[PDB]
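For reference, the structure discussed in these notes is given below.
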Amino acid sequence: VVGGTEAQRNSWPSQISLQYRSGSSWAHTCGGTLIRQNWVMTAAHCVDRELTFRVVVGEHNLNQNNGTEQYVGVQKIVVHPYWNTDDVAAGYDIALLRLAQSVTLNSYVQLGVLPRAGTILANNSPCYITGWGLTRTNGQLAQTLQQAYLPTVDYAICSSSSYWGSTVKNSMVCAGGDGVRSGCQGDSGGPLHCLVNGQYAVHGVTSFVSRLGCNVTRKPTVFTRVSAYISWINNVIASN
Ligand SMILES: [Ca+2]
């Protein structure tokens, strides 16, 4: 997250760290949202590589023991069947991970609230992106979980020529674009939390930013629109 602030430890308990095995250790690669005790929602592009993945829940600082983490292997990966790694702009950037064990819920580990199917947010709706992704274009991952206030940019504006044009689809949510605050590499797969009727819900799965940079004016961060995939998500959980 570029232009973020450090999240409080218990603000975003559905946020997870998706990590891959790297030598004798583990490296953070993506975020995700815990949606069942044994299921994580993340981005399809996070799991294109043939890596060994684990999920960490109750994480805050990637570089220090927080006394709250639970570590669990990934048992099954279900990518949306229309996902094409060659074409992120087509959409379908979503995947569900079945965890090898069910995690224990507490103040640091909670299920993410998902929006009702079909829900679209008004332009300029209040949301936060969260993640341990780069803190500057071509920078380095955060140590502590970061949040940035990224108001939505509706489809009509986001898909206009000076924003993302045809690259953005109605199956996506755009947010931010102020040139200061944004997602960045390593935030992929994580939540966009938006406040609706008093409750934060996870409206986005972080998908892409401009090839030109993370915080680029009129290139808001783009997310898979969770409310477009409720039936798909339910169908996967019910059949697995
Ligand atoms: Ca930690």
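Ordering of the structure tokens sets the chain letters (A, B, ...); residue numbers start at 1 within each chain; ligands are numbered from 1 in the order shown.
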Who sits within 10 Å of residue 168 of chain A, only C-alpha atoms, same chain under 2 positions skipped, as a PDB file with N, CA, C and O atoms, in the first residue's frame:
ATOM      1  N   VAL A  88      -5.475 -10.163 -17.620  1.00  0.00           N
ATOM      2  CA  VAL A  88      -6.084  -9.750 -16.330  1.00  0.00           C
ATOM      3  C   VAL A  88      -7.260  -8.795 -16.557  1.00  0.00           C
ATOM      4  O   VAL A  88      -8.210  -8.734 -15.745  1.00  0.00           O
ATOM      5  N   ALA A  89      -7.197  -8.039 -17.656  1.00  0.00           N
ATOM      6  CA  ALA A  89      -8.228  -7.058 -17.977  1.00  0.00           C
ATOM      7  C   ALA A  89      -9.561  -7.714 -18.308  1.00  0.00           C
ATOM      8  O   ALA A  89     -10.591  -7.047 -18.281  1.00  0.00           O
ATOM      9  N   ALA A  90      -9.551  -9.011 -18.623  1.00  0.00           N
ATOM     10  CA  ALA A  90     -10.809  -9.721 -18.905  1.00  0.00           C
ATOM     11  C   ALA A  90     -11.625  -9.963 -17.646  1.00  0.00           C
ATOM     12  O   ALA A  90     -12.847 -10.201 -17.731  1.00  0.00           O
ATOM     13  N   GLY A  91     -10.936  -9.924 -16.500  1.00  0.00           N
ATOM     14  CA  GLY A  91     -11.564 -10.196 -15.195  1.00  0.00           C
ATOM     15  C   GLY A  91     -11.396 -11.634 -14.731  1.00  0.00           C
ATOM     16  O   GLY A  91     -10.447 -12.348 -15.102  1.00  0.00           O
ATOM     17  N   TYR A 155     -18.023   2.849 -12.365  1.00  0.00           N
ATOM     18  CA  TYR A 155     -17.674   2.248 -13.655  1.00  0.00           C
ATOM     19  C   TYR A 155     -17.645   3.268 -14.785  1.00  0.00           C
ATOM     20  O   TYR A 155     -16.743   3.245 -15.633  1.00  0.00           O
ATOM     21  N   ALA A 156     -18.643   4.158 -14.806  1.00  0.00           N
ATOM     22  CA  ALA A 156     -18.723   5.162 -15.868  1.00  0.00           C
ATOM     23  C   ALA A 156     -17.460   6.024 -15.935  1.00  0.00           C
ATOM     24  O   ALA A 156     -16.941   6.287 -17.023  1.00  0.00           O
ATOM     25  N   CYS A 158     -14.501   5.285 -14.230  1.00  0.00           N
ATOM     26  CA  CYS A 158     -13.293   4.441 -14.281  1.00  0.00           C
ATOM     27  C   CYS A 158     -12.993   3.915 -15.692  1.00  0.00           C
ATOM     28  O   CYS A 158     -11.824   3.719 -16.056  1.00  0.00           O
ATOM     29  N   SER A 159     -14.047   3.672 -16.480  1.00  0.00           N
ATOM     30  CA  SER A 159     -13.859   3.125 -17.815  1.00  0.00           C
ATOM     31  C   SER A 159     -13.836   4.225 -18.881  1.00  0.00           C
ATOM     32  O   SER A 159     -13.828   3.923 -20.074  1.00  0.00           O
ATOM     33  N   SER A 160     -13.808   5.482 -18.443  1.00  0.00           N
ATOM     34  CA  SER A 160     -13.674   6.616 -19.370  1.00  0.00           C
ATOM     35  C   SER A 160     -12.232   6.647 -19.884  1.00  0.00           C
ATOM     36  O   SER A 160     -11.325   6.042 -19.271  1.00  0.00           O
ATOM     37  N   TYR A 163      -9.171   7.616 -17.611  1.00  0.00           N
ATOM     38  CA  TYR A 163      -8.929   6.637 -16.539  1.00  0.00           C
ATOM     39  C   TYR A 163      -8.446   5.345 -17.180  1.00  0.00           C
ATOM     40  O   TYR A 163      -7.412   5.361 -17.853  1.00  0.00           O
ATOM     41  N   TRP A 164      -9.198   4.249 -17.032  1.00  0.00           N
ATOM     42  CA  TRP A 164      -8.756   2.944 -17.520  1.00  0.00           C
ATOM     43  C   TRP A 164      -9.343   2.514 -18.851  1.00  0.00           C
ATOM     44  O   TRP A 164      -8.969   1.465 -19.384  1.00  0.00           O
ATOM     45  N   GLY A 165     -10.276   3.301 -19.384  1.00  0.00           N
ATOM     46  CA  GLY A 165     -10.899   2.949 -20.669  1.00  0.00           C
ATOM     47  C   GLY A 165     -11.506   1.552 -20.618  1.00  0.00           C
ATOM     48  O   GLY A 165     -12.006   1.122 -19.571  1.00  0.00           O
ATOM     49  N   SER A 166     -11.425   0.831 -21.733  1.00  0.00           N
ATOM     50  CA  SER A 166     -12.012  -0.510 -21.885  1.00  0.00           C
ATOM     51  C   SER A 166     -11.374  -1.593 -21.003  1.00  0.00           C
ATOM     52  O   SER A 166     -11.916  -2.689 -20.856  1.00  0.00           O
ATOM     53  N   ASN A 170     -17.339  -4.111 -15.824  1.00  0.00           N
ATOM     54  CA  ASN A 170     -18.314  -3.937 -14.735  1.00  0.00           C
ATOM     55  C   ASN A 170     -18.208  -4.985 -13.627  1.00  0.00           C
ATOM     56  O   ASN A 170     -18.849  -4.841 -12.562  1.00  0.00           O
ATOM     57  N   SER A 171     -17.411  -6.031 -13.862  1.00  0.00           N
ATOM     58  CA  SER A 171     -17.138  -7.041 -12.848  1.00  0.00           C
ATOM     59  C   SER A 171     -15.994  -6.609 -11.937  1.00  0.00           C
ATOM     60  O   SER A 171     -15.493  -7.432 -11.188  1.00  0.00           O
ATOM     61  N   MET A 172     -15.580  -5.349 -12.052  1.00  0.00           N
ATOM     62  CA  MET A 172     -14.492  -4.826 -11.211  1.00  0.00           C
ATOM     63  C   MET A 172     -14.964  -3.610 -10.434  1.00  0.00           C
ATOM     64  O   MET A 172     -15.938  -2.956 -10.825  1.00  0.00           O
ATOM     65  N   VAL A 173     -14.253  -3.319  -9.343  1.00  0.00           N
ATOM     66  CA  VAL A 173     -14.414  -2.070  -8.622  1.00  0.00           C
ATOM     67  C   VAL A 173     -13.110  -1.297  -8.761  1.00  0.00           C
ATOM     68  O   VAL A 173     -12.035  -1.891  -8.661  1.00  0.00           O
ATOM     69  N   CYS A 174     -13.207   0.004  -9.060  1.00  0.00           N
ATOM     70  CA  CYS A 174     -12.041   0.893  -9.037  1.00  0.00           C
ATOM     71  C   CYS A 174     -12.058   1.709  -7.747  1.00  0.00           C
ATOM     72  O   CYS A 174     -13.111   2.123  -7.305  1.00  0.00           O
ATOM     73  N   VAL A 222      -7.465  -1.396  -9.142  1.00  0.00           N
ATOM     74  CA  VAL A 222      -8.613  -2.146  -9.645  1.00  0.00           C
ATOM     75  C   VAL A 222      -8.731  -3.471  -8.881  1.00  0.00           C
ATOM     76  O   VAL A 222      -7.734  -4.184  -8.636  1.00  0.00           O
ATOM     77  N   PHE A 223      -9.979  -3.776  -8.538  1.00  0.00           N
ATOM     78  CA  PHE A 223     -10.353  -4.946  -7.742  1.00  0.00           C
ATOM     79  C   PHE A 223     -11.398  -5.763  -8.466  1.00  0.00           C
ATOM     80  O   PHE A 223     -12.216  -5.183  -9.198  1.00  0.00           O
TER      81      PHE A 223
END
Contacts of residue 146 of chain A within 9 Å, only C-alpha atoms, excl. fewer than 6 positions in-chain, as a count of residues only: 14
Polymer residues at most 10 Å from segment 29-32 of chain A, only C-alpha atoms, same-chain spacing of 4 or more positions, as JSON, numbers by chain: {"A": [14, 15, 16, 17, 18, 19, 20, 40, 41, 42, 43, 45, 46, 47, 53, 55, 56, 57, 95, 96, 97, 112, 130, 131, 132, 133, 141, 185, 186, 187, 188, 189, 190, 191, 205, 206]}
May I have all residues of segment 99-234 of chain A that DSSP, computed from the backbone, assigns to alpha helix (DSSP H), given as an MDAnalysis selection string? chainID A and resid 155:158 230:234
Would you write out those residues with C-alpha atoms, as a PDB file, in the first residue's frame?
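The result, written out as result.pdb:
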ATOM      1  CA  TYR A 155     -17.674   2.248 -13.655  1.00  0.00           C
ATOM      2  CA  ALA A 156     -18.723   5.162 -15.868  1.00  0.00           C
ATOM      3  CA  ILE A 157     -15.759   7.294 -14.721  1.00  0.00           C
ATOM      4  CA  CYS A 158     -13.293   4.441 -14.281  1.00  0.00           C
ATOM      5  CA  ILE A 230     -21.366 -14.591  -4.671  1.00  0.00           C
ATOM      6  CA  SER A 231     -23.002 -17.531  -6.479  1.00  0.00           C
ATOM      7  CA  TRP A 232     -19.643 -18.769  -7.769  1.00  0.00           C
ATOM      8  CA  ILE A 233     -18.185 -18.562  -4.242  1.00  0.00           C
ATOM      9  CA  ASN A 234     -21.163 -20.389  -2.697  1.00  0.00           C
TER      10      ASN A 234
END
Using Å and a single decimal, report how far atom CA of residue 221 of chain A sits from atom CA of residue 182 of chain A.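 So the two atoms, atom CA of residue 182 of chain A and atom CA of residue 221 of chain A, lie 6.0 Å apart.
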Would you name the residues within 12 Å of ligand 1, counting only C-alpha atoms and all ligand atoms, and put them as a ChimeraX atom specification? /A:9,16-17,28,56-71,108,132,142-145
